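No lab work stands behind these numbers, since they all come straight from the coordinates. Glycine also receives a Cβ, built like all others from the backbone with ideal geometry; neighbour counts cover every protein chain displayed.
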Amino acid sequence: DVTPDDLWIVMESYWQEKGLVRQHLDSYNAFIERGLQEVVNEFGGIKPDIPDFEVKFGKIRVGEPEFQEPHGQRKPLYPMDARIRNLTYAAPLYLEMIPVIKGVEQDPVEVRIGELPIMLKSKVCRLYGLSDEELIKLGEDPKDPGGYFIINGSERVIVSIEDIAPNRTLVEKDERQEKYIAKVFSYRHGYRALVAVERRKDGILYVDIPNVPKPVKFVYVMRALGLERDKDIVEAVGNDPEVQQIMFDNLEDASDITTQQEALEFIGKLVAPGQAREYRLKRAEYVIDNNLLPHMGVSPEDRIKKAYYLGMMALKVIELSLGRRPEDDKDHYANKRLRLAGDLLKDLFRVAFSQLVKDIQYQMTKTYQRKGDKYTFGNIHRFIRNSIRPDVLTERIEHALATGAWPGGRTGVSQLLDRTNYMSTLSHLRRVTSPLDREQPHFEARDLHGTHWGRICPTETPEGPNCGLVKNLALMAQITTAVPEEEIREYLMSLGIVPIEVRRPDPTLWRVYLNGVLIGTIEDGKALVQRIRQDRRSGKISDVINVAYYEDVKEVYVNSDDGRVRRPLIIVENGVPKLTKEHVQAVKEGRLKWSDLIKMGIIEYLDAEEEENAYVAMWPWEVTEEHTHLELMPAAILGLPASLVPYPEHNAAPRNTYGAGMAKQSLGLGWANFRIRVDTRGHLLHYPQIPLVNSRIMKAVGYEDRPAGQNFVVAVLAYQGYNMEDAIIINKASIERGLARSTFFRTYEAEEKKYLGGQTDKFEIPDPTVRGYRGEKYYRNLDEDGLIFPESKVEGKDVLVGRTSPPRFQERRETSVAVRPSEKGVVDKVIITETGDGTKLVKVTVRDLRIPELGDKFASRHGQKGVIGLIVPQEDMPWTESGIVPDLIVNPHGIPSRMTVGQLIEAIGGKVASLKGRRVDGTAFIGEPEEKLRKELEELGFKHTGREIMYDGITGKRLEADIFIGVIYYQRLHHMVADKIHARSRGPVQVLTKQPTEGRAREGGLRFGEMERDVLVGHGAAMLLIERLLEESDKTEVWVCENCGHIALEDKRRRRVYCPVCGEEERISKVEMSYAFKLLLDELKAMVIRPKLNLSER
Amino acid sequence: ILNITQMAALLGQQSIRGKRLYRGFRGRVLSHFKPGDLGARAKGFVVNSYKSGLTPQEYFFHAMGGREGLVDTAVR
Amino acid sequence: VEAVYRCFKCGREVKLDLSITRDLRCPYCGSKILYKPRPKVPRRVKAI
Amino acid sequence: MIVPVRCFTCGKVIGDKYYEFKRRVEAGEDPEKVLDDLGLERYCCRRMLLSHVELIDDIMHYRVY
Amino acid sequence: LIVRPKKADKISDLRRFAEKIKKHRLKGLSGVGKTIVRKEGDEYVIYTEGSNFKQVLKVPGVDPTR
Ligand SMILES: [Zn+2]
Ligand SMILES: [Zn+2]
Ligand SMILES: [Zn+2]
């Protein structure tokens, strides 16, 4: 019999082979292989206005990542060069064009339509298939997973969107109008179509179609699709006597329309009101063609299949009206499909290619009209070659990927890649987001559905409004890629199902759906699903095909589409798992791989649909006869950061969530390239350590090669009250010996811009002549070329790169790049590069030492967070009777009401591991039990309770109670007080409001909002309110005439105030006011609003 | 006292919006239970304590319980 | 202003002006990225 | 990056004992007996040798001049 | 109970009228659902789903004061 260790040996091979970012790489590879060709075939060809001239598209291929230098050469490009030079890692797309003249094709001409960004480490990238040494020579970390783009030198990652499954019917309840609605989102060539059939209180079926202003009666639009005879609708809707009765009632209520022409004219009147006779008919036909179920086929021949699908939808609606079937919950992951990188990229490419072909036809038509026929037809090759502008496509792609605003209203599709440490990056690469608006509650959407088990991490989720709408994939997840649909359709047809049009769905027969569209009927659904399962397990067909049957409604569902989330499971046959001991031995020896197990019928992937028919056994010893599958490793249901917490089942859920979220903020050696990388911010921990108590997963996923914390000696007692309310006390001698000591990097960047007209910037030491020339002491360590010396000391407002700009908005503006006003450090490296445009580009990084101090934030993996409350000399710290001096002291009040027994278990385990000389397994559910740790601690000469006797540091006599002390893994967070302190005395001001600026960088002021105003009113301090609001910001003086109240206009020339509107000078008074109020008066007078001011004397 | 009895005896019953855990597959929260089961354990009752450790199903139920409190504060 | 600039890839001692230079490249490996080497002056850092 | 010179808690010099410990434990010796032989007795010192990871070797490849 | 009005003999006018007749409320004050009775202290009190305060005060057996 197998044990969880053998299943672990099997499971680790999955990550050993596939990796952790396969959902990006596989989708992008499929896109490159076939999506470009599919889109090109979809567009077809160019149709200009030139007589007897046509262009037919051929094949499209992608070159290698290259860069067009400002100088004529074209050279290979590597990712590090793109990062340093602010380039864009991309490859040119070559498309062949066949010219058709007088219905005759010629020799195709190869043209360059633009450049397409390359996802790193894909099958087309340069880093694919390289060894570790080659990657190191190229300047990259071998542990880097790839799967992200580089746009203008910044790393952009595409987060997967979670959309409703397409071309599927979902029936919902609308109790406000008492309408029972079914909705389908039909997809064809990137266009979406929300088609709904609904039944109101009257029992009449109405159909909603896009671009149709009002719902139309069901049988009206059904007749408009041909199929005019009432018996045809009666048959299509089904063969249930109540259903036939309701359909006949609808027919009686809609006997006005009996001819397809009548219905077409009717929809013409609705969709095109008040227009010509011929226009409305064509508009109605067009709307019917490309707005009613486009996925079924836009060709006018396809009316019959669309009518059949509409009848199926109406049947579902009326069946739910009778309570036969219940409402379908949208959160069920059978109804949700993830939008991977490839799908979104294909949509964007199609959008840009439309503009490209439009520009091509415009340019060709314009050139032919301007010139003569001889000039064009003499050399058609040169004409086509010179009638193309690739920048139209390239700039669209680049800007869409850079800003993140997809064409179609989507925003935030691509986000800047996080690089704080290993966990943060790898977790960002595995994120799933929902398109719903965050402001609304969305109580049902944010909850944890039962189908998320094994597909979505239950703990890792944001804290704020994003709680429940942003989720991360579980460790044992496998997103699918699509397969040729027609081949699956042919195989199913050959299996024995009769086509749909031959016979109607007699309730004695089983409906069969392929990717949500009905395709035929069968008699024995169970035999069919068993046959398909056997073929799938043998290896006859692909492993992406999933089959599920529903006994109650007699339906069979076959899924082969893109974006389903699946998990692996061991197949159980007759109560015996198919994975035997010798298979585990073969996997261990390397003779067998995970893919071989998949192809051998031992392990099969299950999506949310097929899992409906499963009955999974959790543990190997619990397998009984009725079980059909066995769980591989229950500890893998957690996300990547959530696996960091040891003994996570001993903690309260909110604390586990906090710890998982905080594991992405700790400092540490995230990547080996930190020395030569150029990121805006970065941290490095001087002495990282592997956790003593760790889960076995992070050794496999590679975390232990890039640790992000240290092992502290923690004692739990109250000390002087300086550790109260989640504050910690840290030893001083330990800090002075290199504990939690870190370094902070920040990269500044300057560019020698080349303005139009020849006036360019230059790097130099600014002479005192120039305007804006700051103090001489600021440029004190710059070399004569205008660049700072490496390993020099800067302290704030010091110039790093001296640069003077042309006076064009006999002088020279000073535009040097200086350190941030509140920062400090030492210059680490200076890089001189030539940017993409041919000008110069300089990047400087300043490193700063950050010894721990008061206010610095520390946190454990179990959710306990705090700031350093006091630093204590070593001689004042207590010491145990065995000679141990605590590194850090926590408050005993933080343990209860936080309920984190896992922290105490880890505290015991750390000291047990340190005494025993071996690390301790702390896996989620198979880790070392607590009782074993306590017994081992007892065997080593310590108390089983983990408590010890200490002596007080000051008095020197032992404390009355014995104290708990152990070793716990603590992480230093990047919220450090040196980056949060901010002060403002006078500072600069804004332009429009003249209030203090906003932000620490520009010496901004803090915000005194409305709530503070109400607080100050509640205290009853009027003059304090005046002082805080008006006196220190926007003081003003204004003259006003005493009969109109219009703002009197002073005359500096005549030294006399007067009313321009009123012509008054007898009485003008001077009034104090705020600048904001004056601007509000001006803005009211901008409209026709006239505010008349009445003055009074105090 | 609730913290003590949850760290020492048992967590108890997990619920969302005042009802037992019901969202999931058809007739069952997780695929590891038979459909149509209404037993105590099958709907959220956790018979273990934080000190004694939770089985994976109890862990999932407890996470489903805590998510409600998080979103509750966020909207409140 | 003549100055020394180490190359990014091969780490060679490239010396050239930058104010007057129009095309920046390493004359050995053709790289367009160079470093500014540390000066040969003594720096004093506290061993705290 | 590299092995610390002194134990963070008590201050005993353990910088020179890491390579010997690693070689002995890799050879097959019981780690507990190896740590006892090296003189480390309090677990604060043993933790530093046990949990240390050598990262100076794989960051030495990227040079900055 | 069997209800078969003249308009219900045809196909199109049966289910709606039958449901409407089946909906009618009897024996009850308008807009009042369930009625829980519980003794508080030594006095029984009534609680109702829905509300019609204007009409209840004239129902015999009710104490209008409290
Ligand atoms: Zn006036
Ligand atoms: Zn070079
Ligand atoms: Zn020590």
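Sequence-distant or interchain residues sharing an amide H contact under 5 Å with B:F45, placed H: which? Counting only residues 5 or more places away or on other chains, the set is B:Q14. Note on A:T459, A:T747: ascending count of other Cβ atoms within 10 Å places them as A:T747, A:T459, the fewest first. Magnitude of the charge dipole for the protein assembly as shown, about its Cα centre and with charges confined to Cβ atoms of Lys, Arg (+1) and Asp, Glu (-1), is about 2700 debye. Each helix, a run of at least 4 DSSP H residues, gives -39500 (n - 2.57); summed and divided by the residues of chain A, these come to -8000 deg cm²/dmol at 222 nm.
Look at where the Cα atoms of the stretch B:1-43 and of the stretch A:894-962 average out, and the two centres are 32 Å apart. Calculation over all alpha carbon pairs of the stretch A:992-1098 in 5 angstrom steps from 0 returns a P(r) of 2, 10, 15, 17, 17, 15, 11, 7, 5, 1, 0 percent.
Between A:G525, A:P568, A:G103, the Cα set farthest toward the positive side of the dipole of the protein assembly as shown (charges on each charged residue's Cβ, about the Cα centre) is that of A:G103. Straight-line cross-link partners of A:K699 among the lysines, defined as a Cα under 19 Å from its Cα and at least 8 positions apart when in the same chain: A:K18, A:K143, A:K588, A:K664, D:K22. Sites listed here are GluC sites (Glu not before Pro) in the stretch A:460-495 whose DSSP assignment is loop and whose Cβ has at most 16 other Cβ atoms within 10 Å: A:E463. Its convex hull of Cα atoms gives the stretch A:924-1050 a direction-averaged projected area, equal to a quarter of the hull surface, of 19.6 nm². Based on the alpha-carbon gyration tensor of chain D and its eigenvalue square roots a ≥ b ≥ c, which shape applies: rounded if a/c is under 1.5, prolate if not and a/b is larger than b/c, or oblate? Cα axes put chain D in the oblate bin.
Take the convex hull of the alpha carbons in chain E; its mean projected area over all directions comes to 7.0 nm². Here the Karplus curve 6.51 cos²θ - 1.76 cosθ + 1.60, taken at θ = phi - 60°, turns the phi angles of the stretch A:776-789 into couplings of 5, 5, 6, 8, 10, 10, 9, 6, 5, 7, x, 10, 6, 7 Hz, with x standing for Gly and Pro. The value for the stretch A:717-838 of Rg(Cα) / (2.2 N^0.38 Å) is 1.57.
Direction-averaged projected area, Cα convex hull, the stretch A:712-770: 10.4 nm², rounded to one decimal.
Of A:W621, A:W8, the sequence from fewest to most neighbouring Cβ atoms within 10 angstrom is A:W621, A:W8. Spatially, the stretch A:186-205 and the stretch A:819-844 are offset by 57 Å when compared through their Cα centroids. Of the residues A:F43, A:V470, A:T945, the one whose Cα sits farthest toward the positive end of the charge dipole of chain A, with +1 on the Cβ of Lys and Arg and -1 on the Cβ of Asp and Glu, is A:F43. Placing +1 on the Cβ of every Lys and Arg and -1 on the Cβ of every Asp and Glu, with no other charges, gives the stretch D:1-60 a dipole of roughly 300 debye about its Cα centre. Each residue in D:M60, A:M618 was given a count of other beta-carbon atoms within 10 angstrom of its own, and listing them fewest first yields D:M60, A:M618. Using θ = phi - 60° in the Karplus curve 6.51 cos²θ - 1.76 cosθ + 1.60, the 3J(HN,Hα) couplings for the stretch A:505-515 round to x, 4, x, 7, 9, 10, 6, 10, 10, 10, 6 Hz; x is entered for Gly and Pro. Summed over all non-identical Cα pairs, the Kirkwood treatment of the stretch A:624-752 gives a radius of 18.2 Å. Per residue of A:450-456, other chain Cβ atoms within 10 Å of the residue Cβ number 5 on average. Per-residue shielding of B:27-35, expressed as the average number of other chain Cβ atoms within 10 Å of the residue Cβ, stands at 5.
Sorting the segments A:761-768, A:67-74 by their residues' average number of neighbouring beta-carbon atoms within 10 angstrom, most packed first, yields A:761-768, A:67-74. Residue ranges A:727-733, A:788-794, A:1013-1019 sort as A:727-733, A:788-794, A:1013-1019 when ordered by packing (mean number of other C-beta atoms within 10 Å per residue, highest first). Which log10 I(q)/I(0) values, to two decimals, does the stretch A:325-479 give at q = 0.18 Å⁻¹ under the Debye formula with one point per Cα? Log-scaled intensity ratios, in q order: -1.18.
Taking the DSSP beta bridges with both ends in the protein assembly as shown, the antiparallel portion is around 90 percent. Peptides A:601-614, A:557-570, A:185-198 ranked from most to least packed, by the mean per-residue count of other Cβ atoms within 10 Å: A:557-570, A:601-614, A:185-198. With the convex hull drawn around the C-alpha atoms of the stretch A:934-1001, the volume per residue stands at 206 Å³.
Computed over the alpha-carbon atoms, chain A gives an Rg to Rh ratio of 1.01, Rh here being the Kirkwood radius from the mean inverse distance. Taken along its three principal axes, the alpha carbon spread of the stretch A:316-392 comes to 74, 29, 15 Å, from the longest extent down to the shortest. Dividing the Cα radius of gyration of chain B by 2.2 N^0.38 Å, with N the residue count, gives 1.14. Couplings 3J(HN,Hα) for the stretch A:93-107, derived from phi with the Karplus relation 6.51 cos²θ - 1.76 cosθ + 1.60 (θ = phi - 60°), are 9, 9, 10, 8, 10, 9, x, 10, 10, 6, x, 10, 8, 10, 5 Hz, where x marks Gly and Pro. For chymotrypsin sites (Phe, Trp or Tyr not before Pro), no site in the stretch A:414-472 is both called loop by DSSP and has at most 12 other Cβ atoms within 10 Å.
Shielding of peptide D:35-45 by partners, expressed as the average count of other chain Cβ atoms within 10 Å per residue Cβ, is 4.
Within straight-line reach of A:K593, meaning a Cα separation under 15 Å, sit the following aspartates and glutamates at least 8 residues removed in sequence or on another chain: A:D6, A:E12, A:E17, A:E582, A:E604. Sites listed here are GluC sites (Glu not before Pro) in the stretch A:898-990 whose DSSP assignment is loop and whose Cβ has at most 11 other Cβ atoms within 10 Å: A:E960.
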